[PDB]
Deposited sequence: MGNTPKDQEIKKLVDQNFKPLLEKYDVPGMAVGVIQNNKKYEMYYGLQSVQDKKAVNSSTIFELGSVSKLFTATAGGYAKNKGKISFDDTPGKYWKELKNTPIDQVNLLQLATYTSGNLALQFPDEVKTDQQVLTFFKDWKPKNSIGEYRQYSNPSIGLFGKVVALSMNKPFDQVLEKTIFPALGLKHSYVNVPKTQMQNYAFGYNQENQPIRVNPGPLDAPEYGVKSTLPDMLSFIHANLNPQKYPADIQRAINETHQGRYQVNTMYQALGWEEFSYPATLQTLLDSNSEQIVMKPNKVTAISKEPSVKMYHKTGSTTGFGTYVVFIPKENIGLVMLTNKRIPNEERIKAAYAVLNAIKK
């Protein structure tokens, strides 16, 4: 179809120069419009092995993994396994009647506990250390009033969701969430038969690097996936009514905005904006003030759009979809590039595609 060549030209125009500007080994860019998928692959999945990026290449999603954690939370909530008004001590019994047991699950998933930073303390490694950290936790800012983007906040949320489903979190995604979304090669732990498809990341000095195990790493940033699976995930977010009710209600749960900070609406995992959104509005969601510092939230849009950036030391990820236009884009790179470049390139592509 002529649309195949129209999308290929737009992605070559906006995303391909990023490979030479930032010395990116490999990249996969996908566009889904009107239920049609368009996949563009560039460069090498592995420099040592000289493998081209293809439809089987597995990328580290980074913070985009939080979208699957939120989907799992919306799945357990609509099945009656959890209520977003419950507290973690109801499911993690060792946290019963502790200060952290005063924060509800929605506040953990939306980073409003009032005293949780971007990362765990460096010395928090083992599972006993993670439990000790939450048992010793004490509140600072008023609970539910300040948003500070936090891995441990949503990591505890995913830990609680796994406990309510009576299965480990890796099985929550790989056995229930991933099959319900129709995903074929998305993993929390990549099996040995898929290591040949697991791309290597590359740091600023072009050395190979792969994400390391960390405290609650799976619900925070430890999901790996391919471009076709991520396009299927965007399709599920673009057309939730075409999926069974259990996963349909889970997707709808992640689309409801819970509060707003300036022009950004914080949904479950996703970042929500009023459509049409200016480029600066999407860029402001990446600013140091929003990402690294606490911000007072404001209580609560008809036309909406959503996006989420994700990164590891050697990978960059960006997903975005517009329900009114029935269009979405996925960017996967095996070298971390500035988030503004990911947003700008996807903004120019989605706006130049014919309706």
Practice problem: Map the modelled residues onto the deposited sequence and report the uncovered stretches in sequence order. | Solution: 1 to 3, 304 to 306
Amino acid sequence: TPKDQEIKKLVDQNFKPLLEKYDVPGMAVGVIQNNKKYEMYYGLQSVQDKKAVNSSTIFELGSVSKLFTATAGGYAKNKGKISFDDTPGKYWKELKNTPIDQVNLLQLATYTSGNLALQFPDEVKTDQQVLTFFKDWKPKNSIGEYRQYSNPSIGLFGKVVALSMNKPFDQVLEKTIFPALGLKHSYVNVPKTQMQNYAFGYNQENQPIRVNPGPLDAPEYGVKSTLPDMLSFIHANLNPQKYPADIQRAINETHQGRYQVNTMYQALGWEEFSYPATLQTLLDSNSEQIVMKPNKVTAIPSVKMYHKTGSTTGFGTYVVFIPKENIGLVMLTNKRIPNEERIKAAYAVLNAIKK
From here on, numbers count along this sequence of modelled residues.
Quiz item: Which of the two stretches, 130 to 138 or 149 to 157, shows the higher mean Cα temperature factor in the record?
Solution: 130 to 138
Exercise. Between 342 to 350 and 329 to 337, point out the one with the higher average CA B-factor as the PDB entry records it.
Key: 342 to 350
Quiz item: Taking the Cα B-factors listed in the entry, which of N203, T281, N104, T226 comes out highest?
Solution: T281
Quiz item: Per the entry, which of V64, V320, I300, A70 tops the list for Cα B factor?
Solution: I300
Quiz item: Among the chain's modelled residues, which third holds the C-alpha B-factor of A109?
Solution: lowest
Quiz prompt | Third assignment of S46 from its chain's C-alpha B-factors | solution = lowest
Quiz item: For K296, does the deposited CA B-factor place it in the lowest, middle or highest third of the chain?
Solution: middle
Quiz prompt | Modelled-residue ranking by C-alpha temperature factor, third containing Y38 | solution = highest
Quiz item: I143: which third of its chain by C-alpha temperature factor?
Solution: middle
